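One structure is given below, encoded as structure tokens.
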Amino acid sequence: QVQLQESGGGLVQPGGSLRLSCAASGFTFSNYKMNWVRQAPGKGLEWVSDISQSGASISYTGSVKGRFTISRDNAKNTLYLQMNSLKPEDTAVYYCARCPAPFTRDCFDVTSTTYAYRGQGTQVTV
Amino acid sequence: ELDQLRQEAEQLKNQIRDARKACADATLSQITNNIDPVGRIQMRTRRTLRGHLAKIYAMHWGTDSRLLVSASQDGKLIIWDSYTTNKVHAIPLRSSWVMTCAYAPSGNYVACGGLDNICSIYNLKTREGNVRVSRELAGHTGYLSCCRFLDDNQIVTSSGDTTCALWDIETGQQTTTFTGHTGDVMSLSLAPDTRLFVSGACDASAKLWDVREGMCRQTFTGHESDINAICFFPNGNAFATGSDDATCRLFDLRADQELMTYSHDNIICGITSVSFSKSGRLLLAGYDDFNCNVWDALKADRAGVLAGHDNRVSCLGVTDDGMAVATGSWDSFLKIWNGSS
Amino acid sequence: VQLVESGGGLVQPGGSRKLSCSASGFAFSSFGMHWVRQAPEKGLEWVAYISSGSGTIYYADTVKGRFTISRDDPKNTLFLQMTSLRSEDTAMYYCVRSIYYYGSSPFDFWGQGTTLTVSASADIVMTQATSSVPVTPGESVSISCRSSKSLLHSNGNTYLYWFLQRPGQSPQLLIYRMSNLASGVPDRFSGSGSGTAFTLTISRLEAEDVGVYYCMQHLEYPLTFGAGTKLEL
Amino acid sequence: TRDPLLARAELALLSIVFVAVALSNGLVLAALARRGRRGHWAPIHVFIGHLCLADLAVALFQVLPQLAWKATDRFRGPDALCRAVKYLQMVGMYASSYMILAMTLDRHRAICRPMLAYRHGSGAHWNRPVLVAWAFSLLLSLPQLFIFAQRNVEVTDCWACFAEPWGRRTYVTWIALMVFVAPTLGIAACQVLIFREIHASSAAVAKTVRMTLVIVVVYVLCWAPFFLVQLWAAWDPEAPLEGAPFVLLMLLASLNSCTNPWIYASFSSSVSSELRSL
Amino acid sequence: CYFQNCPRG
Amino acid sequence: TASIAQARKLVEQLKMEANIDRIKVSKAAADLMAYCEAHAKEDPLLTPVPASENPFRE
Amino acid sequence: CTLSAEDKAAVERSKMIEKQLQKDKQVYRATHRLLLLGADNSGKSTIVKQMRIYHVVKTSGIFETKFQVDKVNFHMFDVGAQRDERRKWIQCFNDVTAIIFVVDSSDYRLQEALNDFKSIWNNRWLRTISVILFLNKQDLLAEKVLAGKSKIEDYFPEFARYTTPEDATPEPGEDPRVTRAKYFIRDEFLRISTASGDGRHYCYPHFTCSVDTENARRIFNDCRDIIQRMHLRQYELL
Ligand SMILES: CC(C)CCC[C@@H](C)[C@H]1CC[C@H]2[C@@H]3CC=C4C[C@@H](O)CC[C@]4(C)[C@H]3CC[C@]12C
Ligand SMILES: CC(C)CCC[C@@H](C)[C@H]1CC[C@H]2[C@@H]3CC=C4C[C@@H](O)CC[C@]4(C)[C@H]3CC[C@]12C
Ligand SMILES: CC(C)CCC[C@@H](C)[C@H]1CC[C@H]2[C@@H]3CC=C4C[C@@H](O)CC[C@]4(C)[C@H]3CC[C@]12C
């Protein structure tokens, strides 16, 4: 079955760094756009970043625009987020989340409260 | 913390996976290397039915293999005489956003519903000359995706809340509710035995339900994306499913696992609708690129194409005598297809 | 559902009279309507037909120049205008609805009729083999009807109908297209035939089964009735 | 009597024009149908279709009877025949003209009043605007039945006679107003208004500028020579009626029916690609 | 000549 | 925290799904093959009928 | 010829049904259908309420309002009780005339609204549908930026470099900081729209307030432009 499992989260100091990792299984990883999503303790899900099939197109929210970088390895079915210069406001559960259908530009539901194709998440504290 | 319950769930999943793996002694593909392929299948448009204004969203055959009901999002529900193409009834719906359509096995009723969250039953046979609403069933929280009659008094529905329900019609009461899917339940079909049905949902999972016990018997999980369509194999021991991952898959209820998959590298769009032929030897699937492909259900070779539609193939169905296929489309036409000697 | 005819009465030869049938309790605009008449001691005789939407009209040759049929759907009312009345026209006139689509049952409801008194070829002929049969309760009985032409059309339907008239009532439909039992009738009745000869049978007679049974063909206009078979009980 | 040395030119001219009309309209009508057996039968195609039918009626009932006549020296048939022929010769003019006017008004309505939804129904192959154009083409041709008869011009021919005060002047000028002048004004006015509307909203401006010039220019160049000579012959009792170019220009009316299909088949991309794919 | 006599015959 | 109830319900449903008996796939595959051939002669799409008995002809 | 008496009567019925379908086809085409979208914080409820007043069930999955301008009829829909996931039910609307997208311009949440618009604009079935974009609650935005307590560049740091475009029309006599803020937010939606419109569909931005009566005229004028381009396309003039 489709499953996603994040790792590498934990405590870090402000100004410190972390690498999140996501391992994907049960689907042809190369065909899907993928995203990072997070939830700060007081609020709903917010989208953080995405990366296209090829790793060509990339985007970020302004709150992270210079501080984080997303990358993928289609040979290894794994997705990364290098986080640098972390801040207290970056404390959240971080989730790895696939787009629903392959070969497409859009993805509607990735931030919904009960989306199916999203990992268990990993805690990050700052 | 639930981690122990998660670990127990993962341990149970590992146990089930190993048990299913131990049964996979040889594949359907190896066994069917003996049989002769079907050869080229060719079908011609024997009728075109036209009169809907907007895209056709669903259709269903009557059990006589001659009457046909069709629903379009202009808010008409039309009943066709398939042989003559005469229009028998045109029924104006209360809400334009119809998404599902069913014909009662007796032919006494049709059912309809959609984004209104309501399933409406129409009585076709009354002392007055006009069709009217017999009952409106309300209690689902999201849109109605499918409905099927068990008999003139019982109907099963599925919806965008992650749920199916069984209704009495004489009282508008949910007699049973089926819960366990985590996405929109998109399609449903009844076993010929009628004691069982299967549903497929936007969680890439299919579930087997018992209408009497009210519980999930089994869960099947091979697909990678939303399941749009499901259909029982005529023996009732297997079923097929079609997904946005552009594959069909065949599952057997007793091996508890995927027997086979139908896919081709040239096909990269979602499957909207699925049906078997009367023997079960042909599997028909409708695609977002608006062809239908005919598959040898045993060998998984593609064996034919239906190629008349101008826009998304939304629905198809095979007559109970196996004599014809009908296909509906967002182009707003129905076409009826048959072979030739 | 009811129909009630009005007009009628006593008229001098050569006079003119209008009959009116007013419908209530059904979607009158969607039904075709027929007039049928019964001379005071005789079988039924089809008179005229007006289609739904008035797009089609037919008459019997005995009236074709003399009568005209019309309807007003907004007032749910049906008219027959009669002119050049003859002694031959002295009859009870019944108003009858019909609706035609795959699986429909024509002739399913009949009015009560108005009596009218006037002062003083290629038609299929239907033959019923007996004018009367004596019967008893609990007995099983069969009535036969025969046609000068095969009523089996190439589409596979056999266009034979059976009606019962009880002595105080207008006719009631029993069976349509040879075999289909009408909605209201007991499952004691059954119908069979070859396409040229046909039988109605009663599995168990009861006191309400007494009356006159008429067969009718619906293959071609003019519609034609049998002479009718009485059951005596 | 007449010299064959000039009559041969009349017969040749009509033969060339006959094939030009018949071939060009048949070809475009066939390609249109070759698409029309598919989907996407757009309303523009209905007008292009009925225009080609009106132009074939010009070929079959205006030009061909004139050639079959003028190939012989006299109308070899009864008055009860000729009156029907003289009537049907005229229908082709009004139909071919008003089909263009109807098509242009529909384009204007579609673009300059986009929200105005027309209330009445349509077929796949007919519209009320087209039927009105045919209806008037039949009605206005009727006076031909009063004008023409077999008469003792001398032993006889099918011949026109006019009440002298009204004369040819009144009738011929009325034709020129009805067929040439008023349609040109109507076509020009609608095309100018379409340009203004689009410009107030560009390739759509550029294509509008191209087609408006082609249509109004080509329409005038086809009709102006014929009607000039016809009016002159009607107004001047001593025009050089026997002069070779005068005799030839008197015949040329159907020239416009040749150019119509290539114009609209050029601008309609759905038809242009259909001709390129034969 | 369609609505007027031709010059010749 | 109510979520433990969903985890309990999931674990219970997984127990029910583990308890079922399963046949080997070769038996399942043989049944499907045997059904298709037993009914092959009476499928009008797999084996088209003559036009004299195709209701949709012409 | 070959039909029975009853078969001829059945055909006559079928033709009367077609005669009815041809009638209400005229009503169907003479009516424009609109989908209304927007998050809970958006003022869309006030728009439908105001518009329902000025012109013309407990689990109802959809709501409808009818209004008329210049004798043209509009039906406007917004979803009721549906869940938050929408990738399936949104496909029903592939044939509306326009989508009306309403945004609360004061919750710079704006990134959530941007991601929503990006999904609608790029979807396989909704492309070729034009979007009418109401940047709402402009009065709250003005007060918020004039108070200076919270900075847009905390959320969109490129706002430090943005400068008011020469097209800007500060007709109210508004403070130029309000103008620069307004047009920045507008331009972030237009950045998305211009990246992939391919000339098949367009975005029509409007600055709006909940009290503004003009909103019915705005929708009418934009639908006129949308329908005019559609005709220019099918008449092959474009
Ligand atoms: C009696 C004298 C003045 C002649 C009058 C002829 C007038 C009334 C006729 C001749 C041809 C007719 C027209 C040609 C075709 C069309 C198409 C239709 O979509 C709009 C009307 C329109 C434009 C008609 C209007 C009336 C019309 C212009
Ligand atoms: C509205 C006005 C300006 C134009 C109306 C058209 C009129 C003038 C047309 C229609 C039919 C025509 C005529 C019919 C035939 C004849 C025979 C001829 O021996 C004398 C002139 C006369 C009588 C024509 C004169 C012009 C005419 C009457
Ligand atoms: C003999 C006479 C009656 C024939 C008249 C034919 C022409 C000139 C007439 C017929 C219908 C008329 C038009 C139809 C309606 C419009 C709308 C208006 O906003 C602009 C002018 C325009 C386009 C008119 C221009 C003149 C017109 C095209």
Side-chain angles (χ1 to χ4, degrees), chain D residues 43-44 46-51 53-54 79 82-83 86-87 89-123 126-151 153 158-200 208 212 215-216 219-220 223 227 230-231 234-235 260, chain E residues 2-5, chain G residues 228 231 235:
Chain D
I44 181 168
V46 184
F47 288 98
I48 294 174
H50 280 276
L51 182 66
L53 296 184
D79 57 356
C82 195
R83 283 174 172 170
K86 301 306 302 178
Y87 175 84
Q89 283 199 301
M90 198 67 215
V91 172
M93 290 195 187
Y94 296 115
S96 181
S97 180
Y98 296 130
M99 289 298 162
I100 300 160
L101 185 65
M103 178 168 61
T104 308
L105 267 65
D106 196 38
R107 185 186 294 122
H108 168 267
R109 188 279 307 164
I111 289 156
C112 298
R113 293 192 286 177
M115 299 274 83
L116 194 166
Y118 52 96
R119 291 182 176 271
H120 302 85
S122 181
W126 73 269
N127 320 127
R128 186 166 64 202
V130 161
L131 302 187
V132 176
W134 285 119
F136 275 99
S137 74
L138 270 58
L139 184 156
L140 295 169
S141 299
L142 289 168
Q144 300 284 92
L145 303 175
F146 305 153
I147 295 304
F148 289 97
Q150 280 283 3
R151 307 182 192 266
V153 57
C158 185
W159 202 258
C161 292
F162 296 84
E164 293 78 6
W166 309 322
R168 291 148 66 171
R169 301 185 298 176
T170 301
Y171 188 55
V172 178
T173 54
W174 179 71
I175 309 303
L177 266 56
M178 289 290 285
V179 176
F180 171 53
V181 181
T184 303
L185 271 58
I187 291 160
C190 293
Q191 285 284 10
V192 167
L193 293 168
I194 291 161
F195 169 87
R196 286 175 64 175
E197 184 71 3
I198 295 172
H199 184 271
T208 299
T212 183
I215 291 164
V216 178
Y219 193 85
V220 173
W223 286 115
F227 274 107
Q230 288 287 349
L231 287 163
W235 279 91
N260 281 341
Chain E
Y2 310 102
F3 49 66
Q4 174 160 227
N5 295 309
Chain G
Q228 187 176 344
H231 294 319
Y235 281 80

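Below, read A as the first sequence line, B as the second, and so on, with proteins coming before strands; counting in each chain starts at 1. Whatever order the structure lists ligands and atoms in, that order sets their numbers, starting from 1. We use all heavy atoms of the structure for the numbers below, so side chains are in, but hydrogens, waters and symmetry mates are not.
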remark   = Counting from 1 in the order shown, the ligand 1 atoms closer than 4.0 Å to a non-hydrogen atom of D/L105 are 23 (C)

query = What's the shortest distance from atom 24 (C) of ligand 1 to any protein heavy atom, and which residue and atom give it?
reply = D/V132 CG1, 4.4 Å

request  = Classify the angle between the aromatic ring planes of D/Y98 and D/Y94 as parallel (below 30°), tilted (30 to 60°) or perpendicular (above 60°).
outcome  = parallel

inquiry  = Testing the basics here: between D/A102 and D/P129, what is the closest heavy-atom pair and its distance to 0.1 Å?
reply    = CB-O, 4.3 Å

ask   = Closest non-hydrogen protein atom to atom 22 (C) of ligand 2, residue and atom name please, with distance?
value = D/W166 CE3, 4.5 Å

query = atom 7 (C) of ligand 1: protein heavy atom closer than 4.0 Å?
reply = no

ask   = What protein heavy atom sits nearest atom 5 (C) of ligand 1, and how far off is it?
value = D/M178 CE, 4.4 Å

Minimum heavy-atom distance D/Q191-D/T104, with the two atoms named = CG-CG2, 4.2 Å

ask   = Which of the numbered atoms in ligand 3 are below 4.0 angstrom from a heavy atom of D/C190?
value = 23 (C)

note = D/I147 heavy atoms within 4.0 Å reach ligand 2 at atoms 15 (C), 16 (C), 17 (C)

query = At what distance is the nearest protein heavy atom to atom 17 (C) of ligand 1, and which residue and atom is it?
reply = D/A102 CB, 3.8 Å

key: Shortest non-hydrogen contact from D/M99 toward D/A54   = CG-CB, 4.1 Å

message = As an exercise, state the distance from CG of D/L185 to CZ of D/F180, rounded to the nearest 0.5 Å.
response = 9.5 Å

Distance flag for atom 11 (C) of ligand 2, protein heavy atom under 4.0 Å = yes

inquiry  = Taking 4.0 angstrom as the limit and counting only heavy atoms of D/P143, give me the atoms of ligand 2 inside it, by number and element.
reply    = 11 (C)

key: Which of the ligand 2 atoms, numbered from 1, are nearer than 4.0 Å to a heavy atom of D/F162   = 18 (C), 19 (O)

ask   = At what distance is the nearest protein heavy atom to atom 18 (C) of ligand 2, and which residue and atom is it?
value = D/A163 N, 3.6 Å

inquiry  = For atom 16 (C) of ligand 3, what's the nearest protein heavy-atom neighbour? Residue, atom name and distance, please.
reply    = D/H108 CE1, 4.7 Å

ask   = Does the protein put a heavy atom under 4.0 Å from atom 20 (C) of ligand 2?
value = yes

query = In terms of ring plane angle, is the pair D/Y171 and E/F3 parallel, tilted or perpendicular, where the classes change at 30° and 60°?
reply = perpendicular

task = If you have a sec, work out which protein heavy atom is nearest atom 26 (C) of ligand 2 and how many Å separate them, to one decimal?
result = D/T170 CG2, 4.1 Å

Heavy atom of D/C161, distance to ligand 2 below 4.0 Å = yes

key: Close approach of D/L193 to ligand 3, heavy atoms, under 4.0 angstrom   = yes

inquiry  = Donor-acceptor check, side chain of D/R151 to backbone of D/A160, threshold 3.5 angstrom: yes or no?
reply    = no

D/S96 side chain to D/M93 backbone, donor-acceptor under 3.5 Å = no

inquiry  = So, 4.0 Å and heavy atoms of D/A189: is ligand 3 close enough to count as a contact?
reply    = no

task = First locate atom CD1 of D/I194, then atom CZ of D/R107, and finally report the distance between them rounded to the nearest 0.5 Å.
result = 6.0 Å

query = How many angstroms lie between atom CH2 of D/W235 and atom CZ of D/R169, to the nearest 0.5 angstrom?
reply = 5.0 Å

D/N260 side, atom CG; D/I48 side, atom CD1 - distance, nearest 0.5 Å = 11.0 Å

ask   = Could you give the distance from CZ (D/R168) to CD1 (D/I147), rounded to the nearest 0.5 Å?
value = 11.5 Å

task = Around atom 28 (C) of ligand 3, find the nearest protein heavy atom and jot down its residue, atom name and distance.
result = D/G186 CA, 3.9 Å

